[PDB]
$ cat run.pdb   # PDB, C-alpha atoms
ATOM      1  CA  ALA A 557     -22.535 -41.898 -41.959  1.00  0.00           C
ATOM      2  CA  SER A 558     -19.273 -43.531 -40.964  1.00  0.00           C
ATOM      3  CA  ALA A 559     -21.032 -45.961 -38.597  1.00  0.00           C
ATOM      4  CA  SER A 560     -23.349 -47.005 -41.406  1.00  0.00           C
ATOM      5  CA  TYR A 561     -20.514 -47.237 -43.884  1.00  0.00           C
ATOM      6  CA  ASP A 562     -18.442 -49.752 -41.976  1.00  0.00           C
ATOM      7  CA  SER A 563     -16.588 -50.070 -38.726  1.00  0.00           C
ATOM      8  CA  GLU A 564     -13.531 -52.228 -39.573  1.00  0.00           C
ATOM      9  CA  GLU A 565     -12.183 -53.842 -36.432  1.00  0.00           C
ATOM     10  CA  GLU A 566      -8.655 -53.505 -37.639  1.00  0.00           C
ATOM     11  CA  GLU A 567      -5.625 -54.175 -35.503  1.00  0.00           C
ATOM     12  CA  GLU A 568      -2.425 -52.315 -36.205  1.00  0.00           C
ATOM     13  CA  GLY A 569      -0.398 -54.119 -33.617  1.00  0.00           C
ATOM     14  CA  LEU A 570      -0.921 -57.647 -34.758  1.00  0.00           C
ATOM     15  CA  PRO A 571       2.111 -60.009 -34.480  1.00  0.00           C
ATOM     16  CA  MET A 572       3.730 -61.671 -37.498  1.00  0.00           C
ATOM     17  CA  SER A 573       1.340 -64.337 -38.556  1.00  0.00           C
ATOM     18  CA  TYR A 574       0.860 -66.171 -41.811  1.00  0.00           C
ATOM     19  CA  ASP A 575      -2.768 -65.024 -41.956  1.00  0.00           C
ATOM     20  CA  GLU A 576      -1.583 -61.479 -41.484  1.00  0.00           C
ATOM     21  CA  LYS A 577       0.896 -61.683 -44.324  1.00  0.00           C
ATOM     22  CA  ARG A 578      -1.449 -63.595 -46.402  1.00  0.00           C
ATOM     23  CA  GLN A 579      -4.251 -61.025 -46.129  1.00  0.00           C
ATOM     24  CA  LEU A 580      -2.043 -58.985 -48.433  1.00  0.00           C
ATOM     25  CA  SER A 581      -1.688 -62.072 -50.711  1.00  0.00           C
ATOM     26  CA  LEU A 582      -5.355 -61.689 -51.463  1.00  0.00           C
ATOM     27  CA  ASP A 583      -4.943 -57.970 -52.249  1.00  0.00           C
ATOM     28  CA  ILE A 584      -2.168 -58.561 -54.776  1.00  0.00           C
ATOM     29  CA  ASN A 585      -4.273 -61.445 -56.151  1.00  0.00           C
ATOM     30  CA  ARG A 586      -7.127 -58.962 -56.798  1.00  0.00           C
ATOM     31  CA  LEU A 587      -4.914 -56.503 -58.578  1.00  0.00           C
ATOM     32  CA  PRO A 588      -4.623 -56.550 -62.447  1.00  0.00           C
ATOM     33  CA  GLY A 589      -1.543 -57.157 -64.635  1.00  0.00           C
ATOM     34  CA  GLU A 590      -0.533 -53.513 -64.687  1.00  0.00           C
ATOM     35  CA  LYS A 591      -0.769 -53.212 -60.941  1.00  0.00           C
ATOM     36  CA  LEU A 592       1.032 -56.480 -60.049  1.00  0.00           C
ATOM     37  CA  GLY A 593       4.111 -55.443 -61.992  1.00  0.00           C
ATOM     38  CA  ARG A 594       4.187 -52.014 -60.461  1.00  0.00           C
ATOM     39  CA  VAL A 595       3.602 -53.018 -56.877  1.00  0.00           C
ATOM     40  CA  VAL A 596       5.990 -55.893 -56.937  1.00  0.00           C
ATOM     41  CA  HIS A 597       8.708 -53.420 -57.868  1.00  0.00           C
ATOM     42  CA  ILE A 598       7.764 -50.998 -55.051  1.00  0.00           C
ATOM     43  CA  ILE A 599       7.653 -53.761 -52.435  1.00  0.00           C
ATOM     44  CA  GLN A 600      10.853 -55.390 -53.640  1.00  0.00           C
ATOM     45  CA  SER A 601      12.546 -52.099 -53.785  1.00  0.00           C
ATOM     46  CA  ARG A 602      12.992 -52.612 -50.037  1.00  0.00           C
ATOM     47  CA  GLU A 603      14.015 -56.249 -49.482  1.00  0.00           C
ATOM     48  CA  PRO A 604      16.915 -57.904 -51.420  1.00  0.00           C
ATOM     49  CA  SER A 605      15.277 -61.245 -50.507  1.00  0.00           C
ATOM     50  CA  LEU A 606      12.304 -59.736 -52.288  1.00  0.00           C
ATOM     51  CA  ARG A 607      10.423 -62.325 -54.316  1.00  0.00           C
ATOM     52  CA  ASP A 608      13.058 -64.990 -54.221  1.00  0.00           C
ATOM     53  CA  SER A 609      15.681 -63.186 -56.314  1.00  0.00           C
ATOM     54  CA  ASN A 610      14.430 -64.192 -59.813  1.00  0.00           C
ATOM     55  CA  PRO A 611      12.619 -61.220 -61.461  1.00  0.00           C
ATOM     56  CA  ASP A 612      10.977 -63.234 -64.279  1.00  0.00           C
ATOM     57  CA  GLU A 613       8.052 -64.675 -62.330  1.00  0.00           C
ATOM     58  CA  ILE A 614       6.201 -63.008 -59.500  1.00  0.00           C
ATOM     59  CA  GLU A 615       6.148 -64.936 -56.263  1.00  0.00           C
ATOM     60  CA  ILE A 616       5.684 -62.941 -53.165  1.00  0.00           C
ATOM     61  CA  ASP A 617       8.012 -64.212 -50.361  1.00  0.00           C
ATOM     62  CA  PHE A 618       5.792 -62.606 -47.686  1.00  0.00           C
ATOM     63  CA  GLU A 619       5.508 -65.789 -45.587  1.00  0.00           C
ATOM     64  CA  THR A 620       9.222 -65.465 -44.859  1.00  0.00           C
ATOM     65  CA  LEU A 621       9.439 -61.785 -45.717  1.00  0.00           C
ATOM     66  CA  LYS A 622       9.417 -59.059 -43.058  1.00  0.00           C
ATOM     67  CA  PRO A 623       6.151 -57.519 -41.686  1.00  0.00           C
ATOM     68  CA  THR A 624       7.771 -54.135 -42.230  1.00  0.00           C
ATOM     69  CA  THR A 625       7.890 -54.831 -45.963  1.00  0.00           C
ATOM     70  CA  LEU A 626       4.390 -56.379 -45.647  1.00  0.00           C
ATOM     71  CA  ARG A 627       2.978 -53.001 -44.670  1.00  0.00           C
ATOM     72  CA  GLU A 628       4.342 -51.487 -47.909  1.00  0.00           C
ATOM     73  CA  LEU A 629       1.821 -53.586 -49.852  1.00  0.00           C
ATOM     74  CA  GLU A 630      -0.906 -52.477 -47.443  1.00  0.00           C
ATOM     75  CA  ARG A 631      -0.087 -48.828 -48.267  1.00  0.00           C
ATOM     76  CA  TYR A 632      -0.180 -49.606 -51.955  1.00  0.00           C
ATOM     77  CA  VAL A 633      -3.505 -51.389 -51.836  1.00  0.00           C
ATOM     78  CA  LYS A 634      -5.066 -48.638 -49.757  1.00  0.00           C
ATOM     79  CA  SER A 635      -3.777 -46.259 -52.382  1.00  0.00           C
ATOM     80  CA  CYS A 636      -5.070 -48.459 -55.258  1.00  0.00           C
ATOM     81  CA  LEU A 637      -8.571 -48.507 -53.744  1.00  0.00           C
ATOM     82  CA  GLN A 638      -8.765 -44.719 -53.632  1.00  0.00           C
ATOM     83  CA  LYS A 639      -6.808 -44.153 -56.821  1.00  0.00           C
ATOM     84  CA  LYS A 640      -8.634 -46.708 -58.965  1.00  0.00           C
ATOM     85  CA  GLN A 641     -10.017 -43.655 -60.698  1.00  0.00           C
ATOM     86  CA  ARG A 642      -7.675 -43.227 -63.621  1.00  0.00           C
ATOM     87  CA  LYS A 643      -7.523 -40.390 -66.079  1.00  0.00           C
TER      88      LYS A 643
ATOM     89  CA  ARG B1591       7.313 -71.768 -45.118  1.00  0.00           C
ATOM     90  CA  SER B1592       3.768 -72.706 -44.124  1.00  0.00           C
ATOM     91  CA  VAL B1593       0.786 -70.976 -45.687  1.00  0.00           C
ATOM     92  CA  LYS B1594       2.157 -69.572 -48.905  1.00  0.00           C
ATOM     93  CA  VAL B1595       1.834 -65.919 -49.696  1.00  0.00           C
ATOM     94  CA  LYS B1596       4.102 -66.723 -52.716  1.00  0.00           C
ATOM     95  CA  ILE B1597       1.652 -65.025 -55.029  1.00  0.00           C
ATOM     96  CA  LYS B1598       2.430 -66.119 -58.634  1.00  0.00           C
ATOM     97  CA  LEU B1599       0.046 -63.658 -60.144  1.00  0.00           C
ATOM     98  CA  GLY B1600      -2.058 -65.827 -62.327  1.00  0.00           C
ATOM     99  CA  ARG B1601      -2.406 -63.444 -65.183  1.00  0.00           C
ATOM    100  CA  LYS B1602      -1.074 -66.188 -67.420  1.00  0.00           C
TER     101      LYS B1602
END
$ encode --input "run.pdb" --output "structure tokens"
Amino acid sequence: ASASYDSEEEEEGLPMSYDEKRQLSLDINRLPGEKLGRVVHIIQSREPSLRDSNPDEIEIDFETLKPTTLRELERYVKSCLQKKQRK
Amino acid sequence: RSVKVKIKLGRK
């Protein structure tokens, strides 16, 4: 049923691109208030350059931020999609 | 930088 479910032509070896980084911008944008606060802390737990430095507002540096840290958000979102089922 | 991924989660 996999073929009828989707196919997802997804590249794992894509070079640092703004579209690449920005794909994750749209994921964080879809996530609710509870999630944004949580994820931002997980992502920024890696980079010191994290949002900008200021922790009051949330502005994701990902244009200038590393693709390695980019993938952290990917992991999170993939987790959020399958763990949207709360208890 | 160029195309901003600087989110600013528009919750409010």
$ resolve_selection --input "run.pdb" --expression "the ChimeraX specification (/B :<8) & /A" --output "ChimeraX atom specification"
/A:574-575,577-578,581,584-585,588-589,592,607,613-620
$ closest_residue --input "run.pdb" --among "A:635, A:624, A:641, A:600" --to "residue 570 in chain A" --atoms "all atoms listed in the file"
A:624
$ atom_distance --input "run.pdb" --atom1 "CA of residue 630 in chain A" --atom2 "CA of residue 601 in chain A"
14.9 Å
$ atom_distance --input "run.pdb" --atom1 "CA of residue 567 in chain A" --atom2 "CA of residue 623 in chain A"
13.7 Å
$ atom_distance --input "run.pdb" --atom1 "CA of residue 629 in chain A" --atom2 "CA of residue 599 in chain A"
6.4 Å
$ closest_residue --input "run.pdb" --among "A:560, A:580, A:609, A:587" --to "residue 640 in chain A" --atoms "all atoms listed in the file"
A:587
$ axis_aligned_box --input "run.pdb" --around "chain B" --padding-each-side "6 Å" --output "JSON"
{"center_x": 2.5, "center_y": -68.1, "center_z": -55.8, "size_x": 21.7, "size_y": 21.3, "size_z": 35.3}
$ closest_residue --input "run.pdb" --among "A:643, A:604, A:568, A:636" --to "residue 590 in chain A" --atoms "all atoms listed in the file"
A:636
